[PDB]
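Laid out below as structure tokens are two forms of one and the same protein chain, each shown alone and named structure 1 and structure 2.
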Structure 1
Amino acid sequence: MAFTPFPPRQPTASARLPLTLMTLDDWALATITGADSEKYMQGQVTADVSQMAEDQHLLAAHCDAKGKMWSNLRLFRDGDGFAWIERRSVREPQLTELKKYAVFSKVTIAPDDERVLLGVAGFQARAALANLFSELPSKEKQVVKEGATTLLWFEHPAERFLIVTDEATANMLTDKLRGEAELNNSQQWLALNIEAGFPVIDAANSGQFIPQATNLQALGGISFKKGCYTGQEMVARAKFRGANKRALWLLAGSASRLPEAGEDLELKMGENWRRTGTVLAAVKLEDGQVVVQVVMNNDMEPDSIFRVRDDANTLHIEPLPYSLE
């Protein structure tokens, strides 16, 4: 786009990451302006956009009438409305459905490729950026703005900033960090999301899942006390129904082919069925390992083995770093 992707480098896991400047091509930014921004957005999204502070960002879901997840998104206030970040593969559809019902609202809804999405993660990310900015988001102030730049603070798996900015500023930031930081691309970011249990939704699955199919309730993206949003019945239904459909899973292990988005998984007839889950996202790490993010029944034990339908290797199960209770 406005900004050339950095070439890929084998992604690692959070634990021993050196300073990393990343270019987030596989993500995409969109906005909404107008007098009816709050009103309109509030009814379209699972998160209570009203008590959204000037300094916060959240992972809302966005559903269809039936409570089906069009996509999830990181929302934050921007201008007189909101901006949000989500996977590139889905921006278009989504924005299209979003704009369909904006007909009676004083509201302007657009993609934004003029702005650049960067990631800074790894070893002393905080201290590196601190020489380039007067203020940095923190746990207590999770969104901070400085010139053409908006910084979002993340805590998992280890503390990264997500930077939304100008081409000029990206150039500056890039020229100033090139030397002391590795450059990587989306997959390093993606690996950190997968490592953290944070649902990733690509076009192949927009429409397939209930927010909680995906652990969203666990990550603060559903408001149950709020007024009304498309699909809220279904969503609230699924909470009180008690019966918990499925969930979002972390699978590891070596692999030849990269799992694609929306591909069946295979369980082990040790005492169990066969063709089981669906596939959210995957990254080949250094090892020769992959890490896969999947949606399966909340029912399966520190036992089971799987493998993308058309592949053939020991996939097992790594524990979500957050509690589903």
Structure 2
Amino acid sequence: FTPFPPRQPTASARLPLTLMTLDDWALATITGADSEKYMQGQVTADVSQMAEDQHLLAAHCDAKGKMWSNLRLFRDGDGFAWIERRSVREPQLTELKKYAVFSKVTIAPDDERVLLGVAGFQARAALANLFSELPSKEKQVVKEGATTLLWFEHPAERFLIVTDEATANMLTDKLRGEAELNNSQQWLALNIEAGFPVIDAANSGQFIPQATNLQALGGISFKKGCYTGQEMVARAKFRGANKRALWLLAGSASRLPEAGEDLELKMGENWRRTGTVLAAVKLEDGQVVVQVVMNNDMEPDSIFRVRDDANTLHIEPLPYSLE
């Protein structure tokens, strides 16, 4: 079917109708009688209380609570599928499979299905012509034949499509010259804007889930039964235990910081390396936008920069509360 070529991404507010190939994300599945039990023991979400029409962003942690990756989970066949960054799928699956020697599950990558995104102006009306039913806030996953559609509210309405090559080709042919075409960087920009954490390889194993605000995004149950890393995830909820959070910065820079890179914070006439970048994109309207993990008590008027840059970044209020 083939990835779409990149064009410079746009902020959600000004984003035209856009169809994207999500090549930098990747799919995996679990099937078998023990699918729910097995996943319940390895992720932060309560998968026993996930309906067929729901999807959520969970964490898969090691025994110390550090996330191999977050993952967007939904029911698929008699088990689950999930989407995470391609750069971490291989090690994530190795670590997930460590406990499955005798369990009634089969865990595998899925590179047969195609991941697409639809976003921007009138995305819903454009798609309503191409599928009988679309997902919505009231029914967040819809399935039609080979296709699974996931609804997102943030930062503006958009849809993630999990489908076969034939349907991907149909959609592309039907929307060509109406939807702009872009690649993963546009979906990435939207996740940065929404404050939804992205974990690439450099950041695998580095963060407890709450350092990336996952508790505020519905990704952690504190009442479910035991799972790998649970004790440490629970400890991070104590008053004052976790000192990090995920932030949204915007401004200008001469280069994008890489995942795992630090930024610099201004203080007096000095600059101090601070934080860990998760993702960054340069937008059409000129700004660099950056998702970063740093201390949860940064002053709102803090001034940042990409290391040694002539220009600066500032905090854009996160669109959801951490209270």
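Residue numbering: sequential along structure 1, first residue numbered 1. Under this definition, the rigid core comprises the largest set of C-alpha atoms superposing within 1.5 Å between the forms.
- Comparing C-alpha positions between the two structures after a rigid core fit, one residue in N272, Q56, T278, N297 moves 2 angstroms or more. It is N272.
- A displacement of 2 angstroms or greater separates the C-alpha positions of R241 between the two structures, with the rigid core held in common.
- A displacement of 2 angstroms or greater separates the C-alpha positions of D311 between the two structures, with the rigid core held in common.
- For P18, the Cα shift between the two structures is 1.0 Å when the rigid core is held fixed in the overlay.
- For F104, the CA shift between the two structures after superposing the rigid core equals 2.5 Å.
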